[PDB]
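What follows is the content of start.json (JSON, C-alpha atoms and all ligand atoms).
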```
[["chain", "number", "residue", "atom", "x", "y", "z"],
["A", 1, "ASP", "CA", 237.34, 268.80, 375.21],
["A", 2, "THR", "CA", 240.44, 268.53, 373.03],
["A", 3, "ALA", "CA", 241.00, 265.97, 370.29],
["A", 4, "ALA", "CA", 241.65, 264.02, 373.53],
["A", 5, "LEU", "CA", 238.79, 261.61, 372.94],
["A", 6, "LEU", "CA", 238.34, 261.69, 369.20],
["A", 7, "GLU", "CA", 240.38, 258.52, 369.34],
["A", 8, "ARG", "CA", 237.93, 257.06, 371.85],
["A", 9, "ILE", "CA", 234.98, 257.96, 369.51],
["A", 10, "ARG", "CA", 236.84, 256.61, 366.50],
["A", 11, "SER", "CA", 237.51, 253.23, 368.22],
["A", 12, "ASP", "CA", 233.89, 253.19, 369.44],
["A", 13, "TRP", "CA", 232.64, 253.45, 365.83],
["A", 14, "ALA", "CA", 235.12, 250.74, 364.79],
["A", 15, "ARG", "CA", 233.44, 248.26, 367.24],
["A", 16, "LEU", "CA", 230.21, 248.74, 365.28],
["A", 17, "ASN", "CA", 231.98, 247.20, 362.22],
["A", 18, "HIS", "CA", 231.30, 243.47, 362.28],
["A", 19, "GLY", "CA", 233.60, 241.86, 359.61],
["A", 20, "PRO", "CA", 233.58, 251.76, 356.27],
["A", 21, "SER", "CA", 235.73, 254.47, 357.98],
["A", 22, "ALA", "CA", 234.61, 256.80, 360.80],
["A", 23, "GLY", "CA", 235.67, 260.11, 359.06],
["A", 24, "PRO", "CA", 232.26, 261.39, 358.14],
["A", 25, "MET", "CA", 230.84, 260.86, 361.64],
["A", 26, "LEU", "CA", 233.82, 262.43, 363.28],
["A", 27, "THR", "CA", 233.82, 265.38, 360.83],
["A", 28, "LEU", "CA", 230.20, 266.15, 361.53],
["A", 29, "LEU", "CA", 230.72, 265.77, 365.24],
["A", 30, "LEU", "CA", 233.55, 268.25, 365.00],
["A", 31, "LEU", "CA", 231.50, 270.85, 363.04],
["A", 32, "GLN", "CA", 228.70, 270.44, 365.58],
["A", 33, "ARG", "CA", 231.06, 271.02, 368.48],
["A", 34, "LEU", "CA", 232.62, 273.92, 366.58],
["A", 35, "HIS", "CA", 229.16, 275.45, 366.02],
["A", 36, "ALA", "CA", 228.57, 275.41, 369.81],
["A", 37, "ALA", "CA", 231.99, 276.81, 370.69],
["A", 38, "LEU", "CA", 231.70, 279.55, 368.13],
["A", 39, "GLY", "CA", 228.26, 280.35, 369.55],
["A", 40, "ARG", "CA", 229.86, 280.84, 373.00],
["A", 41, "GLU", "CA", 232.56, 283.19, 371.81],
["A", 42, "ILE", "CA", 230.33, 285.25, 369.53],
["A", 43, "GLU", "CA", 227.75, 285.57, 372.29],
["A", 44, "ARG", "CA", 230.00, 287.62, 374.58],
["A", 45, "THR", "CA", 229.77, 290.65, 372.31],
["A", 46, "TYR", "CA", 226.10, 291.11, 372.93],
["A", 47, "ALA", "CA", 225.18, 288.98, 375.97],
["A", 48, "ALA", "CA", 225.53, 292.03, 378.25],
["A", 49, "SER", "CA", 223.23, 294.05, 375.96],
["A", 50, "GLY", "CA", 220.51, 291.51, 376.51],
["A", 51, "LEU", "CA", 220.58, 290.03, 373.02],
["A", 52, "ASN", "CA", 220.66, 286.41, 372.00],
["A", 53, "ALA", "CA", 222.11, 284.94, 368.79],
["A", 54, "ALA", "CA", 218.90, 285.18, 366.72],
["A", 55, "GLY", "CA", 218.42, 288.83, 367.83],
["A", 56, "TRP", "CA", 221.95, 289.89, 367.07],
["A", 57, "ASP", "CA", 221.84, 288.21, 363.68],
["A", 58, "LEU", "CA", 218.66, 290.02, 362.68],
["A", 59, "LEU", "CA", 220.03, 293.40, 363.79],
["A", 60, "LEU", "CA", 223.37, 292.91, 362.13],
["A", 61, "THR", "CA", 221.82, 291.69, 358.88],
["A", 62, "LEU", "CA", 219.80, 294.91, 358.68],
["A", 63, "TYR", "CA", 222.86, 296.95, 359.52],
["A", 64, "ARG", "CA", 224.91, 295.49, 356.68],
["A", 65, "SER", "CA", 222.21, 294.70, 354.15],
["A", 66, "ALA", "CA", 219.06, 296.76, 354.56],
["A", 67, "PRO", "CA", 218.52, 299.73, 352.22],
["A", 68, "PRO", "CA", 217.03, 302.80, 353.81],
["A", 69, "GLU", "CA", 213.39, 301.58, 353.56],
["A", 70, "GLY", "CA", 214.31, 298.23, 355.17],
["A", 71, "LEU", "CA", 214.03, 294.61, 354.21],
["A", 72, "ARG", "CA", 210.86, 292.52, 353.61],
["A", 73, "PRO", "CA", 210.58, 289.17, 355.39],
["A", 74, "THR", "CA", 211.66, 286.98, 352.46],
["A", 75, "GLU", "CA", 214.64, 289.22, 351.74],
["A", 76, "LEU", "CA", 215.63, 289.41, 355.33],
["A", 77, "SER", "CA", 215.68, 285.66, 355.84],
["A", 78, "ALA", "CA", 217.58, 285.24, 352.61],
["A", 79, "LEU", "CA", 220.32, 287.70, 353.87],
["A", 80, "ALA", "CA", 220.59, 286.61, 357.53],
["A", 81, "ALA", "CA", 222.98, 284.02, 358.83],
["A", 82, "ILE", "CA", 220.42, 282.24, 361.08],
["A", 83, "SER", "CA", 217.08, 280.68, 360.20],
["A", 84, "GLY", "CA", 214.61, 278.17, 361.63],
["A", 85, "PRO", "CA", 212.46, 277.85, 364.73],
["A", 86, "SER", "CA", 215.48, 279.28, 366.60],
["A", 87, "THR", "CA", 214.26, 282.62, 365.12],
["A", 88, "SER", "CA", 210.50, 282.47, 365.82],
["A", 89, "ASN", "CA", 209.72, 285.66, 367.81],
["A", 90, "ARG", "CA", 212.90, 287.50, 367.01],
["A", 91, "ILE", "CA", 210.96, 290.22, 365.15],
["A", 92, "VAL", "CA", 208.23, 290.47, 367.76],
["A", 93, "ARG", "CA", 210.89, 290.74, 370.49],
["A", 94, "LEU", "CA", 213.10, 293.22, 368.77],
["A", 95, "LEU", "CA", 210.05, 295.38, 367.98],
["A", 96, "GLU", "CA", 209.14, 295.13, 371.66],
["A", 97, "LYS", "CA", 212.66, 296.27, 372.58],
["A", 98, "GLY", "CA", 212.58, 299.39, 370.37],
["A", 99, "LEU", "CA", 215.57, 298.28, 368.25],
["A", 100, "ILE", "CA", 213.66, 297.70, 365.04],
["A", 101, "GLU", "CA", 210.56, 299.25, 363.51],
["A", 102, "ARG", "CA", 208.13, 298.34, 360.74],
["A", 103, "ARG", "CA", 206.81, 300.48, 357.89],
["A", 104, "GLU", "CA", 204.83, 300.02, 354.63],
["A", 105, "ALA", "CA", 205.57, 294.99, 356.10],
["A", 106, "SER", "CA", 209.27, 296.02, 355.74],
["A", 107, "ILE", "CA", 211.65, 296.08, 358.64],
["A", 108, "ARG", "CA", 214.45, 298.39, 359.66],
["A", 109, "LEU", "CA", 216.63, 299.48, 362.54],
["A", 110, "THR", "CA", 215.43, 302.26, 364.83],
["A", 111, "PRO", "CA", 218.10, 304.75, 365.83],
["A", 112, "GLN", "CA", 218.64, 302.90, 369.10],
["A", 113, "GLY", "CA", 218.99, 299.60, 367.18],
["A", 114, "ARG", "CA", 221.59, 301.17, 364.83],
["A", 115, "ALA", "CA", 223.70, 302.82, 367.65],
["A", 116, "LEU", "CA", 223.66, 299.47, 369.42],
["A", 117, "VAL", "CA", 225.16, 297.60, 366.44],
["A", 118, "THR", "CA", 227.51, 300.42, 365.70],
["A", 119, "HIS", "CA", 228.87, 300.18, 369.25],
["A", 120, "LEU", "CA", 229.19, 296.33, 369.29],
["A", 121, "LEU", "CA", 230.45, 295.72, 365.82],
["A", 122, "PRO", "CA", 234.07, 296.37, 366.49],
["A", 123, "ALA", "CA", 234.08, 293.61, 369.14],
["A", 124, "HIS", "CA", 232.00, 291.32, 366.96],
["A", 125, "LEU", "CA", 234.42, 291.88, 364.18],
["A", 126, "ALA", "CA", 237.37, 291.30, 366.55],
["A", 127, "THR", "CA", 235.90, 288.02, 367.85],
["A", 128, "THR", "CA", 235.17, 286.84, 364.30],
["A", 129, "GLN", "CA", 238.80, 287.34, 363.27],
["A", 130, "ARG", "CA", 240.05, 285.88, 366.60],
["A", 131, "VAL", "CA", 238.08, 282.56, 366.26],
["A", 132, "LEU", "CA", 239.44, 282.07, 362.71],
["A", 133, "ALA", "CA", 242.93, 283.17, 363.79],
["A", 134, "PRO", "CA", 244.39, 279.66, 364.18],
["A", 135, "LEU", "CA", 244.05, 279.36, 360.37],
["A", 136, "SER", "CA", 245.97, 280.96, 357.49],
["A", 137, "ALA", "CA", 244.72, 282.79, 354.43],
["A", 138, "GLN", "CA", 244.54, 279.63, 352.32],
["A", 139, "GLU", "CA", 243.03, 277.68, 355.08],
["A", 140, "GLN", "CA", 240.34, 280.22, 355.77],
["A", 141, "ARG", "CA", 239.46, 280.31, 352.02],
["A", 142, "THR", "CA", 239.60, 276.56, 351.81],
["A", 143, "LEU", "CA", 237.20, 276.28, 354.76],
["A", 144, "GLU", "CA", 235.05, 278.79, 352.92],
["A", 145, "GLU", "CA", 235.09, 276.72, 349.73],
["A", 146, "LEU", "CA", 234.40, 273.38, 351.39],
["A", 147, "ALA", "CA", 231.57, 274.71, 353.45],
["A", 148, "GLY", "CA", 230.05, 276.47, 350.40],
["A", 149, "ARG", "CA", 230.55, 273.31, 348.42],
["A", 150, "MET", "CA", 228.89, 271.10, 351.06],
["A", 151, "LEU", "CA", 226.20, 273.74, 351.55],
["A", 152, "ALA", "CA", 225.54, 273.95, 347.81],
["A", 153, "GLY", "CA", 225.03, 270.20, 347.63],
["A", 154, "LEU", "CA", 222.22, 270.49, 350.22],
["A", 155, "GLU", "CA", 220.50, 273.78, 349.05],
["A", 156, "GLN", "CA", 217.57, 272.58, 346.94],
["B", 1, "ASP", "CA", 220.29, 279.97, 348.84],
["B", 2, "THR", "CA", 223.34, 279.37, 346.65],
["B", 3, "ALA", "CA", 226.53, 281.40, 346.67],
["B", 4, "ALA", "CA", 224.05, 283.58, 344.71],
["B", 5, "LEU", "CA", 224.16, 286.39, 347.24],
["B", 6, "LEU", "CA", 227.50, 285.89, 348.94],
["B", 7, "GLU", "CA", 228.61, 288.60, 346.58],
["B", 8, "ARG", "CA", 225.79, 290.81, 347.81],
["B", 9, "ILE", "CA", 226.87, 290.19, 351.45],
["B", 10, "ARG", "CA", 230.51, 290.76, 350.57],
["B", 11, "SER", "CA", 229.80, 294.15, 348.90],
["B", 12, "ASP", "CA", 227.55, 295.03, 351.86],
["B", 13, "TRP", "CA", 230.45, 294.53, 354.28],
["B", 14, "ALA", "CA", 232.72, 296.54, 351.96],
["B", 15, "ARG", "CA", 230.39, 299.62, 352.33],
["B", 16, "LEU", "CA", 231.10, 299.51, 356.05],
["B", 17, "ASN", "CA", 234.79, 300.28, 355.26],
["B", 18, "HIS", "CA", 235.24, 304.05, 355.32],
["B", 19, "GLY", "CA", 238.81, 304.82, 354.06],
["B", 20, "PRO", "CA", 240.01, 294.69, 356.39],
["B", 21, "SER", "CA", 238.55, 291.88, 354.19],
["B", 22, "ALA", "CA", 235.13, 290.22, 354.57],
["B", 23, "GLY", "CA", 236.43, 286.57, 354.66],
["B", 24, "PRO", "CA", 235.96, 285.84, 358.32],
["B", 25, "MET", "CA", 232.36, 287.10, 358.40],
["B", 26, "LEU", "CA", 231.49, 285.22, 355.27],
["B", 27, "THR", "CA", 233.16, 282.05, 356.50],
["B", 28, "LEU", "CA", 231.24, 282.07, 359.75],
["B", 29, "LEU", "CA", 228.03, 282.86, 357.95],
["B", 30, "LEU", "CA", 228.67, 279.90, 355.71],
["B", 31, "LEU", "CA", 229.36, 277.48, 358.64],
["B", 32, "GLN", "CA", 226.20, 278.74, 360.34],
["B", 33, "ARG", "CA", 224.12, 278.14, 357.23],
["B", 34, "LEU", "CA", 225.80, 274.75, 356.83],
["B", 35, "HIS", "CA", 224.95, 273.86, 360.45],
["B", 36, "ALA", "CA", 221.24, 274.52, 359.71],
["B", 37, "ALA", "CA", 221.21, 272.63, 356.43],
["B", 38, "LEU", "CA", 222.97, 269.68, 357.92],
["B", 39, "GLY", "CA", 220.46, 269.72, 360.76],
["B", 40, "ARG", "CA", 217.63, 269.44, 358.18],
["B", 41, "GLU", "CA", 219.15, 266.46, 356.38],
["B", 42, "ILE", "CA", 220.19, 264.56, 359.50],
["B", 43, "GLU", "CA", 216.76, 265.15, 361.02],
["B", 44, "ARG", "CA", 214.92, 263.02, 358.44],
["B", 45, "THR", "CA", 216.39, 259.81, 359.83],
["B", 46, "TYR", "CA", 214.58, 260.15, 363.08],
["B", 47, "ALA", "CA", 211.86, 262.82, 362.61],
["B", 48, "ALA", "CA", 209.23, 260.14, 361.94],
["B", 49, "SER", "CA", 210.29, 258.26, 365.10],
["B", 50, "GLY", "CA", 209.41, 261.34, 367.11],
["B", 51, "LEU", "CA", 212.97, 262.29, 368.03],
["B", 52, "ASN", "CA", 214.63, 265.66, 367.80],
["B", 53, "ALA", "CA", 218.37, 266.36, 367.36],
["B", 54, "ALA", "CA", 219.26, 266.45, 371.07],
["B", 55, "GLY", "CA", 217.35, 263.15, 371.64],
["B", 56, "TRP", "CA", 218.96, 261.35, 368.75],
["B", 57, "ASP", "CA", 222.41, 262.55, 369.77],
["B", 58, "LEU", "CA", 221.99, 261.25, 373.31],
["B", 59, "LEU", "CA", 220.76, 257.85, 372.14],
["B", 60, "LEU", "CA", 223.43, 257.47, 369.53],
["B", 61, "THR", "CA", 226.21, 258.51, 371.90],
["B", 62, "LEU", "CA", 225.14, 255.73, 374.27],
["B", 63, "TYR", "CA", 224.91, 253.28, 371.44],
["B", 64, "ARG", "CA", 228.47, 253.92, 370.29],
["B", 65, "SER", "CA", 230.12, 254.85, 373.56],
["B", 66, "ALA", "CA", 228.39, 253.52, 376.62],
["B", 67, "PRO", "CA", 229.80, 250.43, 378.33],
["B", 68, "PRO", "CA", 227.29, 247.95, 379.61],
["B", 69, "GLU", "CA", 226.63, 249.81, 382.92],
["B", 70, "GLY", "CA", 226.07, 253.09, 381.06],
["B", 71, "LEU", "CA", 227.56, 256.53, 381.15],
["B", 72, "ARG", "CA", 227.53, 259.09, 383.99],
["B", 73, "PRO", "CA", 226.44, 262.66, 383.19],
["B", 74, "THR", "CA", 229.93, 264.17, 382.88],
["B", 75, "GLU", "CA", 231.10, 261.30, 380.67],
["B", 76, "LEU", "CA", 228.01, 261.43, 378.55],
["B", 77, "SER", "CA", 228.31, 265.14, 377.82],
["B", 78, "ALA", "CA", 231.99, 264.72, 377.09],
["B", 79, "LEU", "CA", 231.20, 261.97, 374.45],
["B", 80, "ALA", "CA", 228.08, 263.49, 372.81],
["B", 81, "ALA", "CA", 228.08, 265.75, 369.81],
["B", 82, "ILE", "CA", 225.52, 268.26, 371.17],
["B", 83, "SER", "CA", 225.60, 270.32, 374.35],
["B", 84, "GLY", "CA", 223.97, 273.41, 375.82],
["B", 85, "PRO", "CA", 220.46, 274.54, 376.74],
["B", 86, "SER", "CA", 219.40, 272.80, 373.50],
["B", 87, "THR", "CA", 219.78, 269.59, 375.58],
["B", 88, "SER", "CA", 217.98, 270.57, 378.82],
["B", 89, "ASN", "CA", 215.27, 267.90, 379.32],
["B", 90, "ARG", "CA", 216.64, 265.40, 376.89],
["B", 91, "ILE", "CA", 217.26, 262.87, 379.67],
["B", 92, "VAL", "CA", 213.93, 263.50, 381.36],
["B", 93, "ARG", "CA", 212.16, 263.09, 377.99],
["B", 94, "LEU", "CA", 213.99, 260.03, 376.85],
["B", 95, "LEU", "CA", 213.35, 258.42, 380.26],
["B", 96, "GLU", "CA", 209.69, 259.32, 379.82],
["B", 97, "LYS", "CA", 209.72, 257.66, 376.39],
["B", 98, "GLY", "CA", 211.15, 254.34, 377.64],
["B", 99, "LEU", "CA", 214.27, 254.56, 375.43],
["B", 100, "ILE", "CA", 216.79, 255.07, 378.22],
["B", 101, "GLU", "CA", 216.93, 253.96, 381.84],
["B", 102, "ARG", "CA", 218.92, 254.95, 384.92],
["B", 103, "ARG", "CA", 220.77, 252.75, 387.42],
["B", 104, "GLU", "CA", 223.27, 253.14, 390.31],
["B", 105, "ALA", "CA", 223.09, 258.07, 388.40],
["B", 106, "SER", "CA", 224.37, 256.29, 385.25],
["B", 107, "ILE", "CA", 222.41, 256.17, 382.05],
["B", 108, "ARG", "CA", 221.89, 253.51, 379.42],
["B", 109, "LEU", "CA", 219.68, 252.42, 376.56],
["B", 110, "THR", "CA", 216.64, 250.27, 377.26],
["B", 111, "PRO", "CA", 216.05, 247.47, 374.79],
["B", 112, "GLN", "CA", 213.56, 249.61, 372.91],
["B", 113, "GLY", "CA", 216.10, 252.49, 372.80],
["B", 114, "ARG", "CA", 218.79, 250.14, 371.39],
["B", 115, "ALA", "CA", 216.50, 248.52, 368.69],
["B", 116, "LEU", "CA", 215.47, 252.01, 367.66],
["B", 117, "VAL", "CA", 219.07, 253.16, 367.03],
["B", 118, "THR", "CA", 219.95, 249.86, 365.47],
["B", 119, "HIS", "CA", 217.13, 250.29, 362.96],
["B", 120, "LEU", "CA", 217.93, 253.99, 362.15],
["B", 121, "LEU", "CA", 221.67, 253.86, 362.08],
["B", 122, "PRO", "CA", 222.06, 252.64, 358.57],
["B", 123, "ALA", "CA", 220.11, 255.67, 357.28],
["B", 124, "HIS", "CA", 221.91, 258.01, 359.65],
["B", 125, "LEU", "CA", 225.15, 256.62, 358.40],
["B", 126, "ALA", "CA", 223.99, 256.95, 354.78],
["B", 127, "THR", "CA", 222.95, 260.59, 355.25],
["B", 128, "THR", "CA", 226.26, 261.39, 356.99],
["B", 129, "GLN", "CA", 228.27, 260.10, 354.04],
["B", 130, "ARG", "CA", 225.82, 261.71, 351.54],
["B", 131, "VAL", "CA", 226.15, 265.27, 353.03],
["B", 132, "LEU", "CA", 229.98, 265.00, 352.91],
["B", 133, "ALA", "CA", 229.85, 263.43, 349.43],
["B", 134, "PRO", "CA", 230.59, 266.64, 347.48],
["B", 135, "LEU", "CA", 234.10, 266.45, 349.05],
["B", 136, "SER", "CA", 237.07, 264.12, 348.46],
["B", 137, "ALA", "CA", 239.18, 262.14, 350.89],
["B", 138, "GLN", "CA", 241.71, 264.95, 351.32],
["B", 139, "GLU", "CA", 239.04, 267.52, 351.56],
["B", 140, "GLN", "CA", 237.08, 265.68, 354.17],
["B", 141, "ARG", "CA", 240.25, 265.24, 356.26],
["B", 142, "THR", "CA", 241.26, 268.82, 355.68],
["B", 143, "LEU", "CA", 237.80, 269.97, 356.90],
["B", 144, "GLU", "CA", 238.36, 267.73, 359.88],
["B", 145, "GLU", "CA", 241.76, 269.28, 360.63],
["B", 146, "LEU", "CA", 240.62, 272.87, 360.24],
["B", 147, "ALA", "CA", 237.57, 272.44, 362.37],
["B", 148, "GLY", "CA", 239.61, 270.60, 365.04],
["B", 149, "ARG", "CA", 242.20, 273.31, 364.80],
["B", 150, "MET", "CA", 239.65, 276.12, 365.18],
["B", 151, "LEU", "CA", 237.86, 274.12, 367.88],
["B", 152, "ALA", "CA", 241.10, 273.53, 369.76],
["B", 153, "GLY", "CA", 241.84, 277.25, 369.81],
["B", 154, "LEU", "CA", 238.51, 277.85, 371.60],
["B", 155, "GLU", "CA", 238.45, 274.81, 374.02],
["B", 156, "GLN", "CA", 239.79, 276.19, 377.31],
["A", 201, "CL", "CL", 228.78, 277.12, 362.99],
["A", 202, "CL", "CL", 226.59, 288.31, 359.20],
["A", 203, "CL", "CL", 227.36, 271.87, 362.06],
["A", 204, "CL", "CL", 228.03, 260.94, 366.94]]
```
Render the structure in this file as structure tokens.
Amino acid sequence: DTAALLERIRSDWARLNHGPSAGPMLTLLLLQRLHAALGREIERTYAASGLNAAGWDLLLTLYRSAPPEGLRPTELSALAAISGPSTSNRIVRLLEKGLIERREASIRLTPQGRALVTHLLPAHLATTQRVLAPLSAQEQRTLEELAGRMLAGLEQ
Amino acid sequence: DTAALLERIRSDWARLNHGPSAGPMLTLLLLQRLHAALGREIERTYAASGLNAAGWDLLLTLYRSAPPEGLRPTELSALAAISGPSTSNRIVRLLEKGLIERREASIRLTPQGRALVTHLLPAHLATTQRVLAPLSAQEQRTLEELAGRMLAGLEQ
């Protein structure tokens, strides 16, 4: 908790120097902690509906980005916020739960899946704005730029 | 990939408006994608040693932050970058693997655990600097501040 013990972690890294700065290690630690904390907040929107983060992401991505016929698996992953083994049986599970359907693959929301997102979105949108709220307009755009810029350097 | 389709995702959110801006949703999507991509890069340091992200984090946190007697479970979680169900049997597994030991709990590196981190750290440190490399001194510190600032708002 806090920046309480960033100083402790900073001085701990300094002891490893035996005769450069700790910024990069601290910055990544902070983003990692931020990723977890953001997870917690965003989760509340849909935890009671029985969804997890991978499930909500897939549903929401279809809601915003699927055309009426749906999205194919390549497209879908390219448009979703979350990828990786974290998302292994998300489609299987959501099919199971009646919230998405297939057609010819090609995936879309069922009516129950769409009403569900429609009902949660206002709170998801509220939480999204609330977690960024400590930051101004510049700052938010700056965060945007730096993240895109870092992210660009790694996308290969 | 790219900012190629941020514009697609931005116009997709705009269609949801029926009569505010998409920044927050895009910013969080970007941090989420960044978290995954960073994961991939950092992973290479220790994937061949058989570690995963939770395992490496625990070992490294001891390396930098444990005193000679080791760290108790509260302390350890407070000093580590990663928390949550992601880290459930990390201690069990690392004990199993001979890299950490207990004593009276209280956890520390075994000699094999310490040599392992000692050997990987240079590459972990290299990767850490490399993924932040697209950004300047200001920028890195700015990212640091904004993340801490967001993270502070959520730590309760
Ligand atoms: Cl994140
Ligand atoms: Cl999204
Ligand atoms: Cl991250
Ligand atoms: Cl660390």
message: Distance cut-off 8 Å, counting all atoms listed in the file - which residues of chain B neighbour chain A? Return them as a ChimeraX atom specification.
response: /B:1-3,5,9,12-13,16,23-38,41,64-65,78-79,81-84,125,128-129,131-135,139-141,143-144,146-155
Export of prior selection with C-alpha atoms as an mmCIF file, in the frame of the given file:
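File produced: part.cif:
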```cif
data_model
loop_
_atom_site.group_PDB
_atom_site.id
_atom_site.type_symbol
_atom_site.label_atom_id
_atom_site.label_comp_id
_atom_site.auth_asym_id
_atom_site.auth_seq_id
_atom_site.Cartn_x
_atom_site.Cartn_y
_atom_site.Cartn_z
ATOM 1 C CA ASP B 1 220.290 279.970 348.840
ATOM 2 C CA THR B 2 223.340 279.370 346.650
ATOM 3 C CA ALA B 3 226.530 281.400 346.670
ATOM 4 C CA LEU B 5 224.160 286.390 347.240
ATOM 5 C CA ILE B 9 226.870 290.190 351.450
ATOM 6 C CA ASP B 12 227.550 295.030 351.860
ATOM 7 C CA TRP B 13 230.450 294.530 354.280
ATOM 8 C CA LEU B 16 231.100 299.510 356.050
ATOM 9 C CA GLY B 23 236.430 286.570 354.660
ATOM 10 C CA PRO B 24 235.960 285.840 358.320
ATOM 11 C CA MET B 25 232.360 287.100 358.400
ATOM 12 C CA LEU B 26 231.490 285.220 355.270
ATOM 13 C CA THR B 27 233.160 282.050 356.500
ATOM 14 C CA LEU B 28 231.240 282.070 359.750
ATOM 15 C CA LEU B 29 228.030 282.860 357.950
ATOM 16 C CA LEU B 30 228.670 279.900 355.710
ATOM 17 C CA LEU B 31 229.360 277.480 358.640
ATOM 18 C CA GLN B 32 226.200 278.740 360.340
ATOM 19 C CA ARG B 33 224.120 278.140 357.230
ATOM 20 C CA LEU B 34 225.800 274.750 356.830
ATOM 21 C CA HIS B 35 224.950 273.860 360.450
ATOM 22 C CA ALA B 36 221.240 274.520 359.710
ATOM 23 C CA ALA B 37 221.210 272.630 356.430
ATOM 24 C CA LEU B 38 222.970 269.680 357.920
ATOM 25 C CA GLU B 41 219.150 266.460 356.380
ATOM 26 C CA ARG B 64 228.470 253.920 370.290
ATOM 27 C CA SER B 65 230.120 254.850 373.560
ATOM 28 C CA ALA B 78 231.990 264.720 377.090
ATOM 29 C CA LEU B 79 231.200 261.970 374.450
ATOM 30 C CA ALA B 81 228.080 265.750 369.810
ATOM 31 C CA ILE B 82 225.520 268.260 371.170
ATOM 32 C CA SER B 83 225.600 270.320 374.350
ATOM 33 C CA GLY B 84 223.970 273.410 375.820
ATOM 34 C CA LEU B 125 225.150 256.620 358.400
ATOM 35 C CA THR B 128 226.260 261.390 356.990
ATOM 36 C CA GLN B 129 228.270 260.100 354.040
ATOM 37 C CA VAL B 131 226.150 265.270 353.030
ATOM 38 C CA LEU B 132 229.980 265.000 352.910
ATOM 39 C CA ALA B 133 229.850 263.430 349.430
ATOM 40 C CA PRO B 134 230.590 266.640 347.480
ATOM 41 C CA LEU B 135 234.100 266.450 349.050
ATOM 42 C CA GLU B 139 239.040 267.520 351.560
ATOM 43 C CA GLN B 140 237.080 265.680 354.170
ATOM 44 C CA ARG B 141 240.250 265.240 356.260
ATOM 45 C CA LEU B 143 237.800 269.970 356.900
ATOM 46 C CA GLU B 144 238.360 267.730 359.880
ATOM 47 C CA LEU B 146 240.620 272.870 360.240
ATOM 48 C CA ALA B 147 237.570 272.440 362.370
ATOM 49 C CA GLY B 148 239.610 270.600 365.040
ATOM 50 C CA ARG B 149 242.200 273.310 364.800
ATOM 51 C CA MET B 150 239.650 276.120 365.180
ATOM 52 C CA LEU B 151 237.860 274.120 367.880
ATOM 53 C CA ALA B 152 241.100 273.530 369.760
ATOM 54 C CA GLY B 153 241.840 277.250 369.810
ATOM 55 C CA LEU B 154 238.510 277.850 371.600
ATOM 56 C CA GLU B 155 238.450 274.810 374.020
#
```
query: In Å to one decimal, how far is CA of residue 138 in chain B from CA of residue 21 in chain A?
result: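 Distance between the two atoms: 13.8 Å.
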- request: Please provide as a ChimeraX atom specification all residues within 9 Å of residue 121 in chain A, with the sequence filter that same-chain residues fewer than 5 positions apart are discarded (counting all atoms listed in the file).
  value: /A:45,60,116,126
query: Quick one: distance from CA of residue 99 in chain A to CA of residue 85 in chain A in Å, one decimal?
result: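 Straight-line distance from CA of residue 99 in chain A to CA of residue 85 in chain A works out to 21.0 Å.
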Straight-line distance linking CA of residue 42 in chain B with CA of residue 72 in chain B, stated in Å to one decimal: 26.1 Å
- request: For residue 49 in chain A, list every protein, DNA or RNA residue within 12 Å, evaluated using only C-alpha atoms, and leave out those in the same chain fewer than 3 positions away; present the list as a list in words.
  value: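 Listing them by chain and then by number gives residues 43, 44, 45, 46, 52, 53, 55, 56, 97, 99, 113, 116, 117, 119 and 120 of chain A.
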